[PDB]
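*Asks:* Quick one: this structure, given as structure tokens, is what I'll be asking you about.
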Amino acid sequence: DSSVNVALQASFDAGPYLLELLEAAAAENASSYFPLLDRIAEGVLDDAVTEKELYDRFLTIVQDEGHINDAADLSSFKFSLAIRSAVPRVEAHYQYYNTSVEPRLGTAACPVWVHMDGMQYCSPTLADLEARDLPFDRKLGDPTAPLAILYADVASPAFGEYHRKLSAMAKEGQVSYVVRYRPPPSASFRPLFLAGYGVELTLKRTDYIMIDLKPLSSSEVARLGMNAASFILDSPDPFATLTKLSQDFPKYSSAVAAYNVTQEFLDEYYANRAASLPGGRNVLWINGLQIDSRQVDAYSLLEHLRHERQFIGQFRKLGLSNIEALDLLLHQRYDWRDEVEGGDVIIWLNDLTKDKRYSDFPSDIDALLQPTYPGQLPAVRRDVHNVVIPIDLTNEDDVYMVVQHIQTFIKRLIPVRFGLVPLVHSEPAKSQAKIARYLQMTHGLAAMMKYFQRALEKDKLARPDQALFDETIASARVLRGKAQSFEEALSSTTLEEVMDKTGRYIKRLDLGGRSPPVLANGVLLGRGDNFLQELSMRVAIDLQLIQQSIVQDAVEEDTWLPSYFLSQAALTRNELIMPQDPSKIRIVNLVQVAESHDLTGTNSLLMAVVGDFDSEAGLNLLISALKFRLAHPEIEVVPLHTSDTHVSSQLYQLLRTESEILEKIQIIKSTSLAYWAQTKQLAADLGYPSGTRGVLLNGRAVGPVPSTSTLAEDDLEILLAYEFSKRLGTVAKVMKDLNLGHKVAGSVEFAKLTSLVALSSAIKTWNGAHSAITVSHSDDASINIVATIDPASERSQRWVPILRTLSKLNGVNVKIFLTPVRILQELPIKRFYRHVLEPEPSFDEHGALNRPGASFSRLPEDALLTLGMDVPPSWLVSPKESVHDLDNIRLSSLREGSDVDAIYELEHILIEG
């Protein structure tokens, strides 16, 4: 008889396997690129291009690189070729060149050439589409005004001597150089078979049902899962047992029914409720770090695996063991009321406790129950819900918001109270605000809108004309009017202290600029995003939290309910430093084996105040920073700056003869070598390019922004406190808590460690006695994969081969906890599975790369089986045509010795939009 085979092919076809080498090379350590290229220019792969000489003459080359000749980097790289994937970047260079370059070119005799500022030549002696920094590019030289874009197929000696001393230009320092590859004649491509997918053969009609010819089993099944583990655990070599067992579960089933489950059936069934607390599910960790079941894929794993080894690899800089380091790694509202200065900044359109729209319905709090959503809360005149909407009366969007439906909710008796702060963030936005304020203050409570109503609509609010002003003063319709001013409302009684009073409330709460958030019971709602239903929802959330309060353990009627929301621990400020709307936390370290290493009280945390001293926010940040160094003497600061004058020059001996003294020097300066060389540069690399500014705190970054004291002292240690946080403070208290005096004594090197932890979690895995198929060294595996694998899940079947492939990677521990199901209510794994995934591209040949595939020999006939595919979410794939129904496969009905050689196709993936 014979079998059933499956392979899978990419729609588009690969170029010379050689490129894929190069791009797989920098896939590991990326700096590898050009240096390889430097020497390969000398063509030590320039003899025959058959894949394995250039392959092995390649490996013997890259093992001349410390970048990729680590212990295991070089294994990761093996994997990446058995891993199909260096081609895609290669494919990019092509798709650009085929669509963006060769079309826009016209007419050729020259086969390789560069883009320089215009045209060029087929000779290396030295225009509507420009030299733009494309995604796949690699810059050689530092990136300035000049760019040299080399187009060439790197494979033939034909190219050879362009680069060699176009490798002589940045070298001296002239034009920035980047290499983009050429596509060959369309006849050069040879095909591309893939891996990292799985092949289903599910039992469509079978006797393998519950109550070689064709399996059976009954309701010894809740057991089937149980037992399946001991079964694996009692074989001499268990991991291998694991593998065959999963592969073809349904046929082995009626066997595994009569083999009861062993002693660490249950000392790990309650020992799962201490360590490793999943029961029967599949989760995966890489160094304790859970992976999600949607990236249990070969690709994902690979680039996670090595954006893990270096991060840790980054620790042996300080000289560490790390059987120690990763058991090292283990162990919302804002105040909205304008009170704080003044007491009538905010303009409240609504007032529950006073507006008569909200009639006379009682305030009984405990009568505040059972709502249908035609009515989220009964009508009760309590202060509960408060929404503060910051507005630019210059912004048209804003006004339309309020004039129609801020106005309607009120009107539709919604028990929510609304208010505005007028943004005073432009010469016109204030004036309107001025105007605005002046109406309810003199010409009372409706004129303003019924100004802004008519101002909004057919006039445009872009600027406030008084022509309109005087017309609505005449109106007092709904209104009326005491405290006259009229005219040009240029009063001093307004110009600043409703204005700075609005002015700082804003800047208190950080609401300047283009679009400021919304205050919904203290929680910020981005107005940029839709929010009106999130408003409607964050209320109905916030509602119950109060109902939760009152129903239970609560206060009586003599308490102000919004206190409840507002009573947290978090006061009154910024969305940048503490950016918990975009949870953008920039951590910046690691990478400082730069051209820096400049060296310049116990352990101490570390702050740099990087600035543009000599200017706006220059000293203003710096003085703010310094009154801060006093307030908090814990840390010594190292300021740095970026400009393009002899007035920051005592900055350069703040104390340099061997500070506080200085902290008054610059305030007496406020009204009146090559340090700089590195500062800005080595600033610009921490963000803070070219003048742009903020401060660092021991790995914590900020950035630059709009005004000059937005980064003030108050801000600095609301920064520190939840910078100190459960982040960088605690680092101190887990010390070498574990022991040694310190290998990280310094405050500079402590600064370093604090970064890495902030890059980060799933706290603990433990109890494996002899109830765990271990598959690696527990020691300084500079990778730890733990994973729990249910012997009888379907999900497990992908997982296992991957693990063998992963485990058979060098320096990649893999350990497996069988965690079967309590009581399998039905038959799990009703299919056959094997997985296409090798850890090195293999050969075994007449000389050419192996096309990865599957092979289904030894299957029960007489009954229908279905071939499906198992593969990443992003993959679209079709099966080519055949005499056989690939859904309907009954090996009986067939002819002997012949079989089914199926080949699916990766037709691109998924472009939608």
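Following the order of the structure tokens, first chain is A, next is B, and so on, with residues numbered from 1 inside each chain and ligands from 1 in the order they appear.
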Determine, counting only C-alpha atoms, which protein, DNA and RNA residues have an atom within 10 Å of an atom of residue 778 of chain A; residues of the same chain fewer than 2 positions away are not included. Present the result as a PyMOL selection string.

*Replies:* chain A and resi 323+774-776+780-785+812-815

*Asks:* Can those selected residues be exported to a file as a PDB file, in the first residue's frame so that it contains N, CA and C atoms?

*Replies:*
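Listed below is the output, again.pdb:
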ATOM      1  N   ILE A 323      21.384  31.931  36.240  1.00  0.00           N
ATOM      2  CA  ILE A 323      20.456  31.011  36.846  1.00  0.00           C
ATOM      3  C   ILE A 323      19.937  31.912  37.971  1.00  0.00           C
ATOM      4  N   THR A 774      10.585  16.652  31.195  1.00  0.00           N
ATOM      5  CA  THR A 774      11.663  17.611  31.015  1.00  0.00           C
ATOM      6  C   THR A 774      12.387  17.357  29.695  1.00  0.00           C
ATOM      7  N   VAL A 775      12.820  18.404  29.014  1.00  0.00           N
ATOM      8  CA  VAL A 775      13.524  18.207  27.752  1.00  0.00           C
ATOM      9  C   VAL A 775      14.744  19.153  27.695  1.00  0.00           C
ATOM     10  N   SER A 776      15.131  19.726  28.835  1.00  0.00           N
ATOM     11  CA  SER A 776      16.408  20.420  28.863  1.00  0.00           C
ATOM     12  C   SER A 776      17.033  20.762  30.213  1.00  0.00           C
ATOM     13  N   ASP A 780      21.987  27.423  33.069  1.00  0.00           N
ATOM     14  CA  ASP A 780      22.015  28.740  32.411  1.00  0.00           C
ATOM     15  C   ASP A 780      21.708  28.523  30.939  1.00  0.00           C
ATOM     16  N   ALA A 781      20.584  27.849  30.745  1.00  0.00           N
ATOM     17  CA  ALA A 781      19.838  27.930  29.519  1.00  0.00           C
ATOM     18  C   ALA A 781      19.512  29.406  29.407  1.00  0.00           C
ATOM     19  N   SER A 782      20.063  30.075  28.402  1.00  0.00           N
ATOM     20  CA  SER A 782      19.845  31.510  28.297  1.00  0.00           C
ATOM     21  C   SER A 782      18.542  31.705  27.562  1.00  0.00           C
ATOM     22  N   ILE A 783      17.647  30.767  27.852  1.00  0.00           N
ATOM     23  CA  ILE A 783      16.238  30.745  27.486  1.00  0.00           C
ATOM     24  C   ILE A 783      15.464  29.723  28.293  1.00  0.00           C
ATOM     25  N   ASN A 784      14.439  30.128  29.032  1.00  0.00           N
ATOM     26  CA  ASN A 784      13.625  29.054  29.540  1.00  0.00           C
ATOM     27  C   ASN A 784      12.200  29.014  29.051  1.00  0.00           C
ATOM     28  N   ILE A 785      11.903  27.951  28.314  1.00  0.00           N
ATOM     29  CA  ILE A 785      10.526  27.651  27.974  1.00  0.00           C
ATOM     30  C   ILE A 785       9.953  26.654  28.950  1.00  0.00           C
ATOM     31  N   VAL A 812      18.158  26.431  24.465  1.00  0.00           N
ATOM     32  CA  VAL A 812      16.716  26.674  24.532  1.00  0.00           C
ATOM     33  C   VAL A 812      16.065  25.560  25.360  1.00  0.00           C
ATOM     34  N   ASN A 813      15.923  25.728  26.670  1.00  0.00           N
ATOM     35  CA  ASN A 813      15.383  24.639  27.487  1.00  0.00           C
ATOM     36  C   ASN A 813      13.914  24.512  27.159  1.00  0.00           C
ATOM     37  N   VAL A 814      13.397  23.291  27.224  1.00  0.00           N
ATOM     38  CA  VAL A 814      11.970  23.060  27.024  1.00  0.00           C
ATOM     39  C   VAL A 814      11.477  22.051  28.063  1.00  0.00           C
ATOM     40  N   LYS A 815      10.495  22.445  28.868  1.00  0.00           N
ATOM     41  CA  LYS A 815       9.939  21.480  29.804  1.00  0.00           C
ATOM     42  C   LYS A 815       8.422  21.491  29.717  1.00  0.00           C
TER      43      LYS A 815
END

*Asks:* Show me, as a list in words, the residues that have an atom within 7 Å of segment 142-153 of chain A when counting only C-alpha atoms, minus same-chain residues fewer than 6 positions from it.

*Replies:*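 My reading of the contact set: residues 112, 113, 114, 115, 116, 131, 159, 175, 176, 177, 178, 179, 180, 181, 182 and 183 of chain A.
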
*Asks:* What's around segment 686-696 of chain A at 7 Å? Count only C-alpha atoms, leave out sequence neighbours fewer than 5 positions away in its own chain, and write the answer as number ranges by chain.

*Replies:* A: 588, 607-612, 642-643, 680, 701-704

*Asks:* Can I get the selected residues back with N, CA and C atoms, as a PDB file, in the first residue's frame?

*Replies:*
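File written: part_11.pdb
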ATOM      1  N   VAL A 588      14.651  53.798  28.011  1.00  0.00           N
ATOM      2  CA  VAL A 588      15.778  53.943  27.114  1.00  0.00           C
ATOM      3  C   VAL A 588      17.049  53.626  27.858  1.00  0.00           C
ATOM      4  N   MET A 607      19.022  60.804  37.656  1.00  0.00           N
ATOM      5  CA  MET A 607      18.297  61.719  36.783  1.00  0.00           C
ATOM      6  C   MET A 607      19.192  62.625  35.951  1.00  0.00           C
ATOM      7  N   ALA A 608      18.916  62.647  34.656  1.00  0.00           N
ATOM      8  CA  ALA A 608      19.496  63.649  33.790  1.00  0.00           C
ATOM      9  C   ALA A 608      18.461  64.700  33.422  1.00  0.00           C
ATOM     10  N   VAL A 609      18.855  65.964  33.491  1.00  0.00           N
ATOM     11  CA  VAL A 609      17.958  67.000  33.030  1.00  0.00           C
ATOM     12  C   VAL A 609      18.604  67.504  31.783  1.00  0.00           C
ATOM     13  N   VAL A 610      18.002  67.096  30.704  1.00  0.00           N
ATOM     14  CA  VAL A 610      18.623  67.354  29.472  1.00  0.00           C
ATOM     15  C   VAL A 610      17.847  68.610  29.087  1.00  0.00           C
ATOM     16  N   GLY A 611      18.492  69.645  28.558  1.00  0.00           N
ATOM     17  CA  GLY A 611      17.724  70.855  28.296  1.00  0.00           C
ATOM     18  C   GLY A 611      18.212  71.715  27.144  1.00  0.00           C
ATOM     19  N   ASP A 612      17.591  72.876  26.960  1.00  0.00           N
ATOM     20  CA  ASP A 612      18.195  73.902  26.126  1.00  0.00           C
ATOM     21  C   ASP A 612      18.348  75.074  27.013  1.00  0.00           C
ATOM     22  N   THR A 642      21.357  70.963  24.095  1.00  0.00           N
ATOM     23  CA  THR A 642      21.299  70.987  22.638  1.00  0.00           C
ATOM     24  C   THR A 642      20.885  72.344  22.080  1.00  0.00           C
ATOM     25  N   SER A 643      21.815  73.026  21.409  1.00  0.00           N
ATOM     26  CA  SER A 643      21.526  74.279  20.696  1.00  0.00           C
ATOM     27  C   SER A 643      22.093  74.358  19.271  1.00  0.00           C
ATOM     28  N   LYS A 680      24.360  66.919  22.635  1.00  0.00           N
ATOM     29  CA  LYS A 680      23.205  66.906  21.742  1.00  0.00           C
ATOM     30  C   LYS A 680      23.030  65.601  20.988  1.00  0.00           C
ATOM     31  N   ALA A 701      11.917  57.883  30.208  1.00  0.00           N
ATOM     32  CA  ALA A 701      12.036  59.002  29.289  1.00  0.00           C
ATOM     33  C   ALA A 701      10.768  59.819  29.280  1.00  0.00           C
ATOM     34  N   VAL A 702      10.873  61.053  28.806  1.00  0.00           N
ATOM     35  CA  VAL A 702       9.698  61.873  28.602  1.00  0.00           C
ATOM     36  C   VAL A 702       9.644  62.258  27.118  1.00  0.00           C
ATOM     37  N   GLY A 703      10.137  63.440  26.787  1.00  0.00           N
ATOM     38  CA  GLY A 703      10.089  63.963  25.447  1.00  0.00           C
ATOM     39  C   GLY A 703       9.987  65.456  25.629  1.00  0.00           C
ATOM     40  N   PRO A 704       9.821  66.183  24.535  1.00  0.00           N
ATOM     41  CA  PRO A 704       9.601  67.642  24.449  1.00  0.00           C
ATOM     42  C   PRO A 704       8.159  68.055  24.348  1.00  0.00           C
TER      43      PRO A 704
END

*Asks:* Tell me, which residues of segment 297-467 of chain A carry DSSP strand (DSSP E), written as a list in words?

*Replies:*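 Of segment 297-467 of chain A, only residues 347, 348, 386, 387, 388, 389, 390, 391, 417, 418, 419, 420, 421 and 422 of chain A fall in strand (DSSP E).
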
*Asks:* Find the spatial neighbours of residue 851 of chain A, counting only C-alpha atoms, within a cut-off of 10 Å - ignore same-chain residues fewer than 6 positions away - and output them as a compact mmCIF listing (two decimals) with N, CA and C atoms, in the first residue's frame.

*Replies:*
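Below is the file that was written, out.txt:
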# COMPACT_ATOMS: atom_id res chain seq x y z
N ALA A 7 2.56 19.13 0.94
CA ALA A 7 3.58 20.16 0.99
C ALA A 7 2.87 21.49 0.88
N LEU A 8 3.56 22.59 1.20
CA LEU A 8 2.96 23.92 0.98
C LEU A 8 3.89 25.03 0.40
N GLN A 9 3.45 25.61 -0.72
CA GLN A 9 4.25 26.51 -1.55
C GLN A 9 3.73 27.95 -1.60
N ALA A 82 15.71 27.02 7.98
CA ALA A 82 14.76 25.93 7.98
C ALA A 82 13.42 26.61 8.13
N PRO A 191 11.81 27.63 -6.75
CA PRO A 191 10.64 27.77 -5.88
C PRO A 191 10.90 27.72 -4.38
N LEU A 192 9.83 28.06 -3.67
CA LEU A 192 9.86 28.34 -2.25
C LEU A 192 8.92 27.50 -1.42
N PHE A 193 9.36 26.38 -0.89
CA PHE A 193 8.43 25.66 -0.04
C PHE A 193 8.58 26.06 1.43
N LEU A 194 7.48 25.99 2.16
CA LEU A 194 7.38 26.63 3.47
C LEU A 194 7.26 25.62 4.60
N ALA A 195 7.28 26.14 5.82
CA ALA A 195 7.07 25.35 7.01
C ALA A 195 6.24 26.14 8.02
N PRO A 841 17.89 23.84 8.11
CA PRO A 841 17.44 23.39 6.79
C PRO A 841 18.25 22.17 6.53
N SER A 842 17.64 21.10 6.06
CA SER A 842 18.45 19.92 5.82
C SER A 842 18.51 19.62 4.35
N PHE A 843 19.31 18.61 4.00
CA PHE A 843 19.68 18.34 2.61
C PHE A 843 19.45 16.88 2.20

*Asks:* Excluding residue 837 of chain A and its own-chain neighbours fewer than 4 positions away, which residues fall within 7 Å of it when counting only C-alpha atoms? Please give them as a list in words.

*Replies:*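 Final neighbour list, sorted by chain and number: residues 195, 196, 802 and 805 of chain A.
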
*Asks:* For the selection you just gave me, I'd like the residues written to a file as a PDB file, in the first residue's frame, keeping C-alpha atoms.

*Replies:*
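What follows is the written file again-v7.pdb:
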ATOM      1  CA  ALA A 195       7.071  25.346   7.010  1.00  0.00           C
ATOM      2  CA  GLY A 196       5.454  26.260  10.334  1.00  0.00           C
ATOM      3  CA  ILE A 802       7.486  22.820  17.818  1.00  0.00           C
ATOM      4  CA  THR A 805      12.239  21.664  17.247  1.00  0.00           C
TER       5      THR A 805
END

*Asks:* With a distance cut-off of 7 Å and only C-alpha atoms, select the neighbouring residues of segment 391-405 of chain A, excluding the residue or stretch itself and same-chain residues fewer than 5 positions from it, and output the selection as number ranges by chain.

*Replies:* A: 420-423, 428-429, 432-433, 453, 456, 461-462

*Asks:* Quick one: everything within 12 Å of residue 438 of chain A, counting only C-alpha atoms, minus sequence neighbours fewer than 2 positions away in the same chain. Send it as an MDAnalysis selection string.

*Replies:* chainID A and resid 347 430:436 440:448 451 469 473 481:491 493:495 498:499

*Asks:* Write the selection just made, keeping N, CA and C atoms, as a short mmCIF file (atom, residue, chain, number, x, y, z; two decimals), in the first residue's frame?

*Replies:*
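Wrote selection.cif, looks like this:
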data_model
loop_
_atom_site.label_atom_id
_atom_site.label_comp_id
_atom_site.auth_asym_id
_atom_site.auth_seq_id
_atom_site.Cartn_x
_atom_site.Cartn_y
_atom_site.Cartn_z
N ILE A 347 -17.53 76.41 33.57
CA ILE A 347 -18.89 76.81 33.30
C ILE A 347 -19.82 75.62 33.27
N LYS A 430 -9.57 82.71 23.72
CA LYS A 430 -9.76 83.46 24.95
C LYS A 430 -10.89 84.46 24.85
N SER A 431 -10.74 85.39 23.91
CA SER A 431 -11.75 86.40 23.64
C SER A 431 -13.17 85.85 23.62
N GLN A 432 -13.35 84.75 22.90
CA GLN A 432 -14.64 84.12 22.90
C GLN A 432 -14.94 83.66 24.30
N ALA A 433 -13.94 83.09 24.95
CA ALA A 433 -14.12 82.63 26.31
C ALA A 433 -14.46 83.83 27.16
N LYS A 434 -13.74 84.93 26.92
CA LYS A 434 -13.97 86.16 27.67
C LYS A 434 -15.43 86.48 27.55
N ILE A 435 -15.81 86.73 26.30
CA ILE A 435 -17.19 86.94 25.90
C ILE A 435 -18.09 85.94 26.56
N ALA A 436 -17.70 84.68 26.42
CA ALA A 436 -18.48 83.62 26.98
C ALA A 436 -18.71 83.89 28.45
N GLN A 440 -22.79 84.82 31.26
CA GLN A 440 -23.21 84.31 32.57
C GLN A 440 -22.37 84.83 33.69
N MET A 441 -22.77 85.99 34.17
CA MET A 441 -21.95 86.78 35.05
C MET A 441 -22.56 88.13 35.06
N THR A 442 -23.24 88.41 33.96
CA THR A 442 -23.90 89.68 33.76
C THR A 442 -25.24 89.53 33.02
N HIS A 443 -25.25 88.75 31.94
CA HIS A 443 -26.40 88.67 31.05
C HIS A 443 -26.84 87.24 31.12
N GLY A 444 -26.77 86.73 32.34
CA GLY A 444 -27.05 85.36 32.76
C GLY A 444 -27.01 84.09 31.92
N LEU A 445 -27.72 83.09 32.46
CA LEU A 445 -27.48 81.68 32.16
C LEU A 445 -27.86 81.07 30.78
N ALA A 446 -28.52 81.77 29.87
CA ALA A 446 -28.78 81.17 28.56
C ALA A 446 -28.20 81.97 27.38
N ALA A 447 -27.97 83.26 27.60
CA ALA A 447 -27.51 84.13 26.53
C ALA A 447 -26.30 83.59 25.87
N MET A 448 -25.40 83.06 26.67
CA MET A 448 -24.17 82.58 26.10
C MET A 448 -24.37 81.54 25.02
N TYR A 451 -25.96 82.87 22.20
CA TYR A 451 -24.97 83.57 21.39
C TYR A 451 -24.30 82.49 20.56
N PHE A 469 -22.48 90.10 19.45
CA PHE A 469 -22.45 90.37 20.88
C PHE A 469 -23.61 91.22 21.35
N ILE A 473 -27.30 90.52 23.78
CA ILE A 473 -27.42 91.26 25.03
C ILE A 473 -28.84 91.78 25.10
N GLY A 481 -30.95 89.79 33.25
CA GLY A 481 -29.63 90.40 33.36
C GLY A 481 -28.97 91.33 34.35
N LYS A 482 -28.37 90.87 35.45
CA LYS A 482 -27.66 91.87 36.26
C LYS A 482 -26.13 91.73 36.31
N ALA A 483 -25.47 92.85 36.61
CA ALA A 483 -24.03 93.20 36.39
C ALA A 483 -23.57 93.66 34.98
N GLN A 484 -24.18 94.73 34.47
CA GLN A 484 -23.84 95.34 33.17
C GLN A 484 -22.34 95.59 32.89
N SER A 485 -21.88 95.34 31.66
CA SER A 485 -20.58 95.87 31.15
C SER A 485 -20.63 96.26 29.66
N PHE A 486 -21.32 95.45 28.86
CA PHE A 486 -21.46 95.60 27.39
C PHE A 486 -20.13 95.81 26.65
N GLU A 487 -20.22 96.47 25.50
CA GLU A 487 -19.09 97.03 24.76
C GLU A 487 -17.95 96.05 24.45
N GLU A 488 -16.76 96.63 24.43
CA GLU A 488 -15.54 95.92 24.29
C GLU A 488 -15.21 95.54 25.73
N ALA A 489 -15.45 94.26 25.99
CA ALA A 489 -15.19 93.57 27.25
C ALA A 489 -13.70 93.26 27.34
N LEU A 490 -12.95 94.34 27.43
CA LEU A 490 -11.53 94.34 27.67
C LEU A 490 -11.11 94.55 29.14
N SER A 491 -11.93 94.05 30.07
CA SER A 491 -11.76 94.39 31.49
C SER A 491 -10.56 93.67 32.03
N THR A 493 -10.66 92.76 35.11
CA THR A 493 -11.33 91.90 36.06
C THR A 493 -11.57 90.58 35.38
N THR A 494 -11.21 90.52 34.12
CA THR A 494 -11.45 89.34 33.32
C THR A 494 -10.18 88.90 32.65
N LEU A 495 -9.47 89.87 32.10
CA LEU A 495 -8.34 89.60 31.24
C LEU A 495 -7.42 88.56 31.79
N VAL A 498 -10.19 85.48 35.29
CA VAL A 498 -10.97 84.32 35.04
C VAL A 498 -10.05 83.58 34.10
N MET A 499 -9.08 84.29 33.52
CA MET A 499 -8.31 83.69 32.43
C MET A 499 -7.11 82.85 32.90
#

*Asks:* For each of A:613, A:12, A:208, A:817, take the minimum atom-to-atom distance to residue 669 of chain A, counting only C-alpha atoms, then give the residue where this is smallest.

*Replies:*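 Selected residue with least distance to residue 669 of chain A: A:613.
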
*Asks:* Would you list, as a ChimeraX atom specification, the residues of segment 266-460 of chain A that end up in helix (DSSP H, G or I) under DSSP run on this structure's backbone?

*Replies:* /A:298-317,338-340,396-411,427-439,444-447,449-456

*Asks:* Of the candidates A:697, A:27, A:667, A:523, which shows the shortest atom-to-atom distance to residue 568 of chain A, using only C-alpha atoms?

*Replies:*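 Closest residue, counting only C-alpha atoms: A:523.
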
*Asks:* For each of A:658, A:91, A:556, A:713, take the minimum atom-to-atom distance to residue 629 of chain A, counting only C-alpha atoms, then give the residue where this is smallest.

*Replies:* A:713

*Asks:* Find the residues of segment 370-391 of chain A that sit at most 9 Å from segment 561-566 of chain A; for each, write down the nearest two atoms and how far apart they are in Å, to one decimal. Count only C-alpha atoms. Sort by chain, then by number going up, and give it as a Markdown table.

*Replies:*
| residue | atom | partner | partner_atom | distance |
| --- | --- | --- | --- | --- |
| A:382 | CA | A:561 | CA | 8.0 |
| A:383 | CA | A:561 | CA | 6.4 |
| A:384 | CA | A:562 | CA | 5.1 |
| A:385 | CA | A:562 | CA | 6.6 |
| A:386 | CA | A:562 | CA | 7.6 |

*Asks:* Which residue is closest to residue 728 of chain A? Choose from A:587, A:103, A:555, A:651 and count only C-alpha atoms.

*Replies:*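 With only C-alpha atoms as the atom set, the closest residue is A:587.
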
*Asks:* Calculate how many Å separate atom CA of residue 330 of chain A from atom CA of residue 291 of chain A, rounding to one decimal.

*Replies:*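 Taking atom CA of residue 330 of chain A and atom CA of residue 291 of chain A, their separation equals 17.2 Å.
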